[PDB]
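Data from query_20.cif: mmCIF, N, CA and C atoms
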```
data_structure
#
loop_
_atom_site.label_atom_id
_atom_site.label_comp_id
_atom_site.auth_asym_id
_atom_site.auth_seq_id
_atom_site.Cartn_x
_atom_site.Cartn_y
_atom_site.Cartn_z
N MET A 1 14.32 13.33 4.35
CA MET A 1 14.46 11.94 3.86
C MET A 1 13.51 11.01 4.63
N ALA A 2 13.00 9.97 3.97
CA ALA A 2 12.15 8.94 4.57
C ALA A 2 12.90 7.62 4.63
N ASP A 3 12.47 6.75 5.55
CA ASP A 3 12.97 5.38 5.70
C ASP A 3 11.88 4.36 5.37
N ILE A 4 10.60 4.76 5.50
CA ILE A 4 9.45 4.00 5.02
C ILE A 4 8.66 4.97 4.13
N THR A 5 8.99 4.98 2.85
CA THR A 5 8.23 5.72 1.85
C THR A 5 6.93 4.96 1.60
N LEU A 6 5.79 5.57 1.94
CA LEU A 6 4.48 5.07 1.56
C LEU A 6 4.25 5.43 0.10
N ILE A 7 3.41 4.63 -0.55
CA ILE A 7 3.09 4.68 -1.97
C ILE A 7 1.56 4.78 -1.97
N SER A 8 1.08 6.02 -1.81
CA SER A 8 -0.33 6.37 -1.79
C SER A 8 -0.92 6.17 -3.19
N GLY A 9 -2.20 5.79 -3.27
CA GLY A 9 -2.85 5.42 -4.51
C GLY A 9 -4.36 5.52 -4.40
N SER A 10 -4.91 6.72 -4.54
CA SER A 10 -6.35 6.89 -4.75
C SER A 10 -6.62 8.10 -5.64
N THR A 11 -7.77 8.08 -6.30
CA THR A 11 -8.33 9.21 -7.02
C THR A 11 -9.26 10.00 -6.08
N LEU A 12 -10.00 9.30 -5.20
CA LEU A 12 -10.92 9.92 -4.24
C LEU A 12 -10.15 10.69 -3.16
N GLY A 13 -9.02 10.15 -2.70
CA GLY A 13 -8.24 10.67 -1.57
C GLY A 13 -8.26 9.73 -0.35
N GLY A 14 -9.03 8.64 -0.37
CA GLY A 14 -9.13 7.71 0.75
C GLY A 14 -7.77 7.10 1.11
N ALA A 15 -6.99 6.69 0.10
CA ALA A 15 -5.65 6.17 0.35
C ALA A 15 -4.71 7.27 0.84
N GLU A 16 -4.91 8.53 0.42
CA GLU A 16 -4.09 9.64 0.90
C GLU A 16 -4.35 9.86 2.39
N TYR A 17 -5.62 9.81 2.82
CA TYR A 17 -5.98 9.92 4.23
C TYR A 17 -5.32 8.80 5.04
N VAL A 18 -5.49 7.55 4.61
CA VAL A 18 -4.94 6.40 5.33
C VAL A 18 -3.41 6.47 5.35
N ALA A 19 -2.77 6.87 4.24
CA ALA A 19 -1.33 7.00 4.17
C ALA A 19 -0.84 8.06 5.16
N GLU A 20 -1.48 9.24 5.19
CA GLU A 20 -1.11 10.31 6.11
C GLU A 20 -1.27 9.85 7.57
N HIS A 21 -2.37 9.16 7.87
CA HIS A 21 -2.65 8.65 9.21
C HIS A 21 -1.57 7.64 9.63
N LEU A 22 -1.26 6.67 8.77
CA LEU A 22 -0.22 5.67 9.01
C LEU A 22 1.15 6.33 9.17
N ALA A 23 1.47 7.31 8.32
CA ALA A 23 2.73 8.02 8.37
C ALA A 23 2.90 8.73 9.71
N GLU A 24 1.84 9.34 10.25
CA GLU A 24 1.89 9.97 11.57
C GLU A 24 2.24 8.94 12.64
N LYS A 25 1.58 7.78 12.64
CA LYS A 25 1.86 6.73 13.62
C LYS A 25 3.31 6.25 13.50
N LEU A 26 3.83 6.11 12.28
CA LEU A 26 5.22 5.72 12.05
C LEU A 26 6.18 6.78 12.58
N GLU A 27 5.87 8.07 12.41
CA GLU A 27 6.72 9.13 12.93
C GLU A 27 6.73 9.09 14.46
N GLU A 28 5.60 8.80 15.11
CA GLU A 28 5.56 8.64 16.57
C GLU A 28 6.34 7.39 17.01
N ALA A 29 6.33 6.31 16.21
CA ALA A 29 7.16 5.13 16.44
C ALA A 29 8.66 5.44 16.24
N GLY A 30 8.99 6.52 15.52
CA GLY A 30 10.33 7.06 15.38
C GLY A 30 10.90 6.92 13.96
N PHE A 31 10.11 6.46 12.99
CA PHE A 31 10.58 6.15 11.64
C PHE A 31 10.16 7.29 10.70
N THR A 32 11.05 7.74 9.83
CA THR A 32 10.78 8.83 8.90
C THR A 32 9.98 8.32 7.70
N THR A 33 9.10 9.16 7.14
CA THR A 33 8.10 8.74 6.17
C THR A 33 7.91 9.80 5.08
N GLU A 34 7.28 9.39 3.98
CA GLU A 34 6.85 10.20 2.85
C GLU A 34 5.61 9.48 2.29
N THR A 35 4.77 10.17 1.52
CA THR A 35 3.47 9.70 1.06
C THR A 35 3.37 9.95 -0.45
N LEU A 36 4.28 9.32 -1.21
CA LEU A 36 4.40 9.49 -2.66
C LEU A 36 3.05 9.18 -3.30
N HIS A 37 2.47 10.17 -3.97
CA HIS A 37 1.27 9.98 -4.77
C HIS A 37 1.70 9.28 -6.06
N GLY A 38 1.21 8.06 -6.29
CA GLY A 38 1.31 7.37 -7.56
C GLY A 38 2.70 7.39 -8.22
N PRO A 39 3.79 7.03 -7.52
CA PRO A 39 5.12 6.97 -8.12
C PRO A 39 5.17 5.88 -9.19
N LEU A 40 6.20 5.94 -10.03
CA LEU A 40 6.50 4.92 -11.03
C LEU A 40 7.74 4.15 -10.60
N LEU A 41 7.95 2.99 -11.21
CA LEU A 41 9.10 2.12 -10.94
C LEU A 41 10.41 2.88 -11.16
N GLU A 42 10.47 3.71 -12.20
CA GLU A 42 11.62 4.55 -12.53
C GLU A 42 11.90 5.66 -11.49
N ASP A 43 11.13 5.73 -10.40
CA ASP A 43 11.30 6.68 -9.30
C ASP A 43 11.39 5.95 -7.94
N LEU A 44 11.66 4.64 -7.95
CA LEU A 44 11.82 3.81 -6.75
C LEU A 44 13.10 2.97 -6.90
N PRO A 45 14.07 3.05 -5.97
CA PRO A 45 15.24 2.18 -6.00
C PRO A 45 14.84 0.74 -5.64
N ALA A 46 15.69 -0.22 -6.03
CA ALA A 46 15.45 -1.65 -5.89
C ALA A 46 15.65 -2.19 -4.46
N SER A 47 15.80 -1.30 -3.47
CA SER A 47 16.00 -1.64 -2.07
C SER A 47 15.26 -0.61 -1.22
N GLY A 48 14.59 -1.06 -0.15
CA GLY A 48 13.85 -0.20 0.76
C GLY A 48 12.74 -0.99 1.45
N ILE A 49 11.94 -0.32 2.28
CA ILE A 49 10.78 -0.88 2.96
C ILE A 49 9.63 0.05 2.59
N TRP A 50 8.86 -0.31 1.56
CA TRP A 50 7.78 0.52 1.05
C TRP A 50 6.44 0.07 1.63
N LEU A 51 5.36 0.80 1.32
CA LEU A 51 4.02 0.50 1.80
C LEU A 51 3.03 0.98 0.74
N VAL A 52 2.56 0.05 -0.08
CA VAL A 52 1.62 0.30 -1.17
C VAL A 52 0.21 0.32 -0.58
N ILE A 53 -0.57 1.35 -0.90
CA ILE A 53 -1.94 1.50 -0.45
C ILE A 53 -2.74 1.87 -1.70
N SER A 54 -3.82 1.15 -1.97
CA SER A 54 -4.60 1.33 -3.19
C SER A 54 -6.08 1.28 -2.86
N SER A 55 -6.85 2.24 -3.39
CA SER A 55 -8.28 2.02 -3.55
C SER A 55 -8.53 0.86 -4.52
N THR A 56 -9.73 0.30 -4.45
CA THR A 56 -10.30 -0.69 -5.35
C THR A 56 -11.63 -0.08 -5.79
N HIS A 57 -11.79 0.20 -7.08
CA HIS A 57 -12.91 1.00 -7.60
C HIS A 57 -14.26 0.25 -7.61
N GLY A 58 -14.32 -0.95 -7.01
CA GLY A 58 -15.50 -1.81 -6.94
C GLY A 58 -15.37 -3.04 -7.84
N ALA A 59 -14.52 -2.97 -8.87
CA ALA A 59 -14.38 -3.99 -9.91
C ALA A 59 -12.94 -4.51 -10.03
N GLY A 60 -12.04 -4.13 -9.11
CA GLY A 60 -10.64 -4.56 -9.12
C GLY A 60 -9.74 -3.60 -9.90
N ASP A 61 -10.31 -2.56 -10.51
CA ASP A 61 -9.54 -1.52 -11.19
C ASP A 61 -8.77 -0.72 -10.14
N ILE A 62 -7.45 -0.64 -10.30
CA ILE A 62 -6.58 0.20 -9.48
C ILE A 62 -6.85 1.66 -9.92
N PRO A 63 -6.85 2.64 -9.00
CA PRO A 63 -6.98 4.06 -9.35
C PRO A 63 -5.87 4.49 -10.31
N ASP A 64 -6.22 5.33 -11.29
CA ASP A 64 -5.32 5.78 -12.36
C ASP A 64 -4.09 6.53 -11.85
N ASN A 65 -4.19 7.07 -10.63
CA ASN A 65 -3.07 7.64 -9.87
C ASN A 65 -1.89 6.65 -9.80
N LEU A 66 -2.15 5.36 -9.53
CA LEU A 66 -1.11 4.38 -9.21
C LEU A 66 -1.11 3.19 -10.17
N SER A 67 -2.20 2.93 -10.91
CA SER A 67 -2.28 1.78 -11.81
C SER A 67 -1.13 1.65 -12.82
N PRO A 68 -0.53 2.73 -13.37
CA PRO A 68 0.64 2.62 -14.24
C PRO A 68 1.82 1.86 -13.62
N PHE A 69 1.94 1.80 -12.28
CA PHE A 69 3.01 1.07 -11.61
C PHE A 69 2.94 -0.43 -11.94
N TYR A 70 1.73 -1.00 -12.06
CA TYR A 70 1.55 -2.40 -12.45
C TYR A 70 2.13 -2.65 -13.84
N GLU A 71 1.89 -1.72 -14.77
CA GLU A 71 2.34 -1.83 -16.15
C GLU A 71 3.85 -1.64 -16.22
N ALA A 72 4.38 -0.62 -15.53
CA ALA A 72 5.80 -0.33 -15.51
C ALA A 72 6.60 -1.49 -14.92
N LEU A 73 6.06 -2.17 -13.90
CA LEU A 73 6.69 -3.34 -13.32
C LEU A 73 6.73 -4.46 -14.36
N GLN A 74 5.58 -4.90 -14.88
CA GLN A 74 5.55 -6.10 -15.73
C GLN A 74 6.28 -5.89 -17.06
N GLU A 75 6.32 -4.65 -17.58
CA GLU A 75 6.98 -4.33 -18.84
C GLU A 75 8.50 -4.49 -18.73
N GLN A 76 9.08 -4.18 -17.56
CA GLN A 76 10.53 -4.13 -17.35
C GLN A 76 11.04 -5.34 -16.56
N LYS A 77 10.18 -5.92 -15.71
CA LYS A 77 10.44 -6.94 -14.69
C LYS A 77 11.89 -6.90 -14.16
N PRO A 78 12.31 -5.78 -13.53
CA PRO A 78 13.66 -5.64 -13.00
C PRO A 78 13.88 -6.60 -11.82
N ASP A 79 15.13 -6.78 -11.41
CA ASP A 79 15.45 -7.41 -10.13
C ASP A 79 15.08 -6.43 -9.01
N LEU A 80 14.17 -6.83 -8.12
CA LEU A 80 13.74 -6.07 -6.94
C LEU A 80 13.92 -6.91 -5.67
N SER A 81 14.82 -7.90 -5.67
CA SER A 81 15.04 -8.86 -4.59
C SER A 81 15.52 -8.27 -3.25
N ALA A 82 15.52 -6.95 -3.07
CA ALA A 82 15.82 -6.27 -1.82
C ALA A 82 14.76 -5.22 -1.45
N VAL A 83 13.68 -5.08 -2.22
CA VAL A 83 12.50 -4.34 -1.76
C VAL A 83 11.78 -5.24 -0.75
N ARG A 84 11.43 -4.67 0.40
CA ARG A 84 10.36 -5.18 1.25
C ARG A 84 9.18 -4.24 1.07
N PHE A 85 7.96 -4.73 1.21
CA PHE A 85 6.78 -3.89 1.06
C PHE A 85 5.68 -4.31 2.02
N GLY A 86 4.75 -3.40 2.28
CA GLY A 86 3.45 -3.67 2.86
C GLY A 86 2.38 -3.37 1.81
N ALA A 87 1.17 -3.87 2.02
CA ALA A 87 0.08 -3.82 1.05
C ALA A 87 -1.22 -3.59 1.81
N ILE A 88 -2.01 -2.62 1.37
CA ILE A 88 -3.32 -2.29 1.91
C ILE A 88 -4.24 -2.10 0.71
N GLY A 89 -5.42 -2.71 0.77
CA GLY A 89 -6.50 -2.40 -0.14
C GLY A 89 -7.57 -1.64 0.62
N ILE A 90 -8.22 -0.71 -0.06
CA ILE A 90 -9.25 0.16 0.46
C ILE A 90 -10.40 0.08 -0.54
N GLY A 91 -11.65 0.09 -0.09
CA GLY A 91 -12.78 0.23 -1.00
C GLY A 91 -14.10 0.05 -0.28
N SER A 92 -15.19 0.27 -0.99
CA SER A 92 -16.52 -0.09 -0.53
C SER A 92 -16.61 -1.62 -0.52
N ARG A 93 -16.55 -2.25 0.66
CA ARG A 93 -16.27 -3.68 0.77
C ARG A 93 -17.47 -4.57 0.39
N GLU A 94 -18.67 -4.01 0.22
CA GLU A 94 -19.84 -4.79 -0.21
C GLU A 94 -19.81 -5.10 -1.72
N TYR A 95 -18.92 -4.46 -2.50
CA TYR A 95 -18.78 -4.74 -3.93
C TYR A 95 -18.30 -6.17 -4.19
N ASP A 96 -18.48 -6.64 -5.43
CA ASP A 96 -18.02 -7.95 -5.89
C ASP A 96 -16.50 -8.09 -5.78
N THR A 97 -15.76 -7.00 -6.01
CA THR A 97 -14.31 -6.98 -5.83
C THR A 97 -13.98 -6.14 -4.59
N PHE A 98 -12.92 -6.54 -3.90
CA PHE A 98 -12.98 -6.75 -2.46
C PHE A 98 -11.57 -6.53 -1.93
N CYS A 99 -11.07 -5.29 -2.07
CA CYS A 99 -9.67 -4.94 -1.83
C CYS A 99 -8.72 -5.83 -2.65
N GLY A 100 -9.10 -6.14 -3.89
CA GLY A 100 -8.36 -7.02 -4.79
C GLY A 100 -7.48 -6.26 -5.78
N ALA A 101 -7.64 -4.93 -5.91
CA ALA A 101 -6.84 -4.15 -6.86
C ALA A 101 -5.36 -4.19 -6.48
N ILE A 102 -5.07 -4.08 -5.17
CA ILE A 102 -3.72 -4.11 -4.62
C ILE A 102 -2.98 -5.41 -4.99
N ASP A 103 -3.69 -6.54 -5.14
CA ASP A 103 -3.09 -7.85 -5.39
C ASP A 103 -2.19 -7.83 -6.63
N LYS A 104 -2.58 -7.10 -7.67
CA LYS A 104 -1.83 -7.02 -8.91
C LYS A 104 -0.49 -6.31 -8.70
N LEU A 105 -0.49 -5.22 -7.93
CA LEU A 105 0.70 -4.42 -7.67
C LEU A 105 1.68 -5.24 -6.83
N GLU A 106 1.20 -5.84 -5.74
CA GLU A 106 2.07 -6.65 -4.89
C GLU A 106 2.59 -7.86 -5.66
N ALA A 107 1.77 -8.49 -6.52
CA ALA A 107 2.17 -9.68 -7.24
C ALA A 107 3.34 -9.39 -8.16
N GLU A 108 3.35 -8.25 -8.86
CA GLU A 108 4.48 -7.95 -9.74
C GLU A 108 5.72 -7.54 -8.96
N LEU A 109 5.59 -6.91 -7.78
CA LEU A 109 6.74 -6.70 -6.90
C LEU A 109 7.32 -8.06 -6.48
N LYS A 110 6.45 -8.98 -6.04
CA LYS A 110 6.81 -10.32 -5.60
C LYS A 110 7.49 -11.09 -6.74
N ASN A 111 6.92 -11.01 -7.94
CA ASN A 111 7.42 -11.63 -9.17
C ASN A 111 8.79 -11.08 -9.55
N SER A 112 8.99 -9.77 -9.37
CA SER A 112 10.27 -9.09 -9.58
C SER A 112 11.32 -9.44 -8.51
N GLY A 113 10.92 -10.09 -7.40
CA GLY A 113 11.82 -10.67 -6.41
C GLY A 113 11.59 -10.12 -5.00
N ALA A 114 10.83 -9.04 -4.85
CA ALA A 114 10.54 -8.43 -3.56
C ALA A 114 9.74 -9.40 -2.67
N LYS A 115 9.57 -9.09 -1.38
CA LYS A 115 8.63 -9.82 -0.53
C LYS A 115 7.85 -8.87 0.36
N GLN A 116 6.59 -9.24 0.59
CA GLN A 116 5.71 -8.58 1.53
C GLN A 116 6.29 -8.73 2.95
N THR A 117 5.75 -7.96 3.88
CA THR A 117 5.98 -8.06 5.31
C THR A 117 4.59 -8.00 5.96
N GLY A 118 4.41 -8.59 7.14
CA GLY A 118 3.10 -8.63 7.80
C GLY A 118 2.08 -9.40 6.96
N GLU A 119 0.84 -8.91 6.92
CA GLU A 119 -0.27 -9.45 6.14
C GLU A 119 -0.97 -8.29 5.44
N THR A 120 -1.85 -8.58 4.48
CA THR A 120 -2.54 -7.58 3.67
C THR A 120 -3.75 -7.05 4.44
N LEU A 121 -3.83 -5.73 4.66
CA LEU A 121 -4.97 -5.11 5.35
C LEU A 121 -6.10 -4.82 4.34
N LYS A 122 -7.35 -4.93 4.80
CA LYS A 122 -8.56 -4.51 4.10
C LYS A 122 -9.12 -3.31 4.86
N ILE A 123 -9.72 -2.34 4.17
CA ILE A 123 -10.23 -1.10 4.75
C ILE A 123 -11.56 -0.81 4.03
N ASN A 124 -12.69 -1.09 4.70
CA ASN A 124 -14.01 -0.72 4.18
C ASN A 124 -14.21 0.79 4.33
N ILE A 125 -14.73 1.45 3.29
CA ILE A 125 -15.07 2.87 3.31
C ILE A 125 -16.51 3.15 2.83
N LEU A 126 -17.34 2.11 2.61
CA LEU A 126 -18.71 2.29 2.11
C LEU A 126 -19.60 2.99 3.15
N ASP A 127 -19.64 2.43 4.36
CA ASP A 127 -20.66 2.75 5.36
C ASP A 127 -20.01 3.52 6.51
N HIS A 128 -18.89 3.01 7.01
CA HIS A 128 -18.02 3.64 8.00
C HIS A 128 -16.71 4.06 7.32
N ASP A 129 -15.78 4.61 8.10
CA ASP A 129 -14.54 5.23 7.65
C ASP A 129 -13.38 4.52 8.36
N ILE A 130 -13.41 3.18 8.29
CA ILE A 130 -13.07 2.19 9.32
C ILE A 130 -13.80 2.44 10.66
N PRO A 131 -14.45 1.42 11.25
CA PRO A 131 -15.05 1.54 12.57
C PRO A 131 -14.06 1.27 13.72
N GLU A 132 -13.37 0.12 13.70
CA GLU A 132 -13.11 -0.61 14.95
C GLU A 132 -11.78 -1.38 14.96
N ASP A 133 -11.12 -1.56 13.81
CA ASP A 133 -9.81 -2.22 13.74
C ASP A 133 -8.82 -1.24 13.11
N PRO A 134 -8.23 -0.34 13.92
CA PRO A 134 -7.28 0.66 13.45
C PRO A 134 -6.20 0.07 12.55
N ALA A 135 -5.82 0.83 11.51
CA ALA A 135 -4.58 0.57 10.80
C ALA A 135 -3.39 0.63 11.78
N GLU A 136 -3.52 1.37 12.89
CA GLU A 136 -2.55 1.44 13.99
C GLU A 136 -2.24 0.05 14.58
N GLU A 137 -3.24 -0.83 14.73
CA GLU A 137 -3.03 -2.18 15.26
C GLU A 137 -2.21 -2.99 14.26
N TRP A 138 -2.60 -2.93 12.98
CA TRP A 138 -1.93 -3.64 11.91
C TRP A 138 -0.48 -3.16 11.77
N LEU A 139 -0.28 -1.84 11.89
CA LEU A 139 1.01 -1.19 11.85
C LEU A 139 1.90 -1.69 12.98
N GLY A 140 1.34 -1.90 14.18
CA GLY A 140 2.06 -2.49 15.31
C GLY A 140 2.65 -3.85 14.93
N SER A 141 1.83 -4.73 14.35
CA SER A 141 2.28 -6.03 13.86
C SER A 141 3.34 -5.88 12.76
N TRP A 142 3.30 -4.81 11.98
CA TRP A 142 4.25 -4.56 10.89
C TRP A 142 5.61 -4.14 11.42
N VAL A 143 5.65 -3.11 12.27
CA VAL A 143 6.92 -2.59 12.78
C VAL A 143 7.63 -3.69 13.58
N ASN A 144 6.85 -4.56 14.24
CA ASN A 144 7.35 -5.74 14.94
C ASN A 144 8.09 -6.73 14.02
N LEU A 145 7.84 -6.74 12.70
CA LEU A 145 8.55 -7.63 11.78
C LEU A 145 9.63 -6.87 11.01
N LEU A 146 9.35 -5.66 10.50
CA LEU A 146 10.33 -4.93 9.68
C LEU A 146 11.50 -4.39 10.52
N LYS A 147 11.27 -4.12 11.82
CA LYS A 147 12.19 -3.55 12.81
C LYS A 147 13.34 -2.76 12.19
#
```

With the file now loaded, output its structure as structure tokens.
Amino acid sequence: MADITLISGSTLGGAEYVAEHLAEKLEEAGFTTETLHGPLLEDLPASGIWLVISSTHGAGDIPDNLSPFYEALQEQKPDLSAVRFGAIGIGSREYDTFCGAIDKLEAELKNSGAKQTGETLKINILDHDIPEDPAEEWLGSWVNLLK
């Protein structure tokens, strides 16, 4: 069983790498985890502390792995007023769209009544594979709020 189910979302695998890396740090922090590839709303209960991670294909298109979640949310707009979530966008950051794919997924969670925790992370993958600002630092700020 997990207590922070991550919601991995890439076609390339970049979000799967970041999700696995984050999940390891969470396990060392003492919290149980899972790395659900592209789950749907009908496979997530209305209460929990989730962590949505999405590639951005350069144009704001969410990867087809996870993009149906945006549609499943807005089509049903259930009460989700006890979901907490985190949000990460990943992509080649020199593109015109700019870790913006994640915004749609978080917005419909927010609209359904959920709320974010921490702040939204950006992860450039064009040139480096993140250089210098670990997701580990951001995760520290997160566990400090979700406790």

For the strand (DSSP E or B) assignment from backbone DSSP, which residues of region 104-141 of chain A qualify? Please present them as a PDB file with N, CA and C atoms, keeping the file's coordinate frame.
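Result file is result.pdb:
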```pdb
ATOM      1  N   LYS A 115       9.570  -9.090  -1.380  1.00  0.00           N
ATOM      2  CA  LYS A 115       8.630  -9.820  -0.530  1.00  0.00           C
ATOM      3  C   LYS A 115       7.850  -8.870   0.360  1.00  0.00           C
ATOM      4  N   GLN A 116       6.590  -9.240   0.590  1.00  0.00           N
ATOM      5  CA  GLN A 116       5.710  -8.580   1.530  1.00  0.00           C
ATOM      6  C   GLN A 116       6.290  -8.730   2.950  1.00  0.00           C
ATOM      7  N   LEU A 121      -3.830  -5.730   4.660  1.00  0.00           N
ATOM      8  CA  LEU A 121      -4.970  -5.110   5.350  1.00  0.00           C
ATOM      9  C   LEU A 121      -6.100  -4.820   4.340  1.00  0.00           C
ATOM     10  N   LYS A 122      -7.350  -4.930   4.800  1.00  0.00           N
ATOM     11  CA  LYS A 122      -8.560  -4.510   4.100  1.00  0.00           C
ATOM     12  C   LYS A 122      -9.120  -3.310   4.860  1.00  0.00           C
ATOM     13  N   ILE A 123      -9.720  -2.340   4.170  1.00  0.00           N
ATOM     14  CA  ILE A 123     -10.230  -1.100   4.750  1.00  0.00           C
ATOM     15  C   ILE A 123     -11.560  -0.810   4.030  1.00  0.00           C
ATOM     16  N   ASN A 124     -12.690  -1.090   4.700  1.00  0.00           N
ATOM     17  CA  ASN A 124     -14.010  -0.720   4.180  1.00  0.00           C
ATOM     18  C   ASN A 124     -14.210   0.790   4.330  1.00  0.00           C
TER      19      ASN A 124
END
```

### Task
Apply the PyMOL selection byres ((chain A and resi 96) around 7) to the file shown and report the selected residues as a PyMOL selection string.
chain A and resi 58-60+93-95+97-98

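Here the question is which of A:123, A:143, A:74, A:55 gets nearest to residue 12 (chain A) using all atoms listed in the file, and that residue is A:55.
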
### Task
May I have the residues within 8 Å of residue 38 (chain A) as a list in words, using all atoms listed in the file and disregarding those fewer than 3 positions away in the same chain?
residues 6, 7, 8, 9, 10, 35, 41, 64, 65, 66, 67, 68 and 69 of chain A

### Message
Measuring between all atoms listed in the file, which one of A:142, A:45, A:40, A:14 shows the shortest distance to residue 90 (chain A)?
### Response
A:14
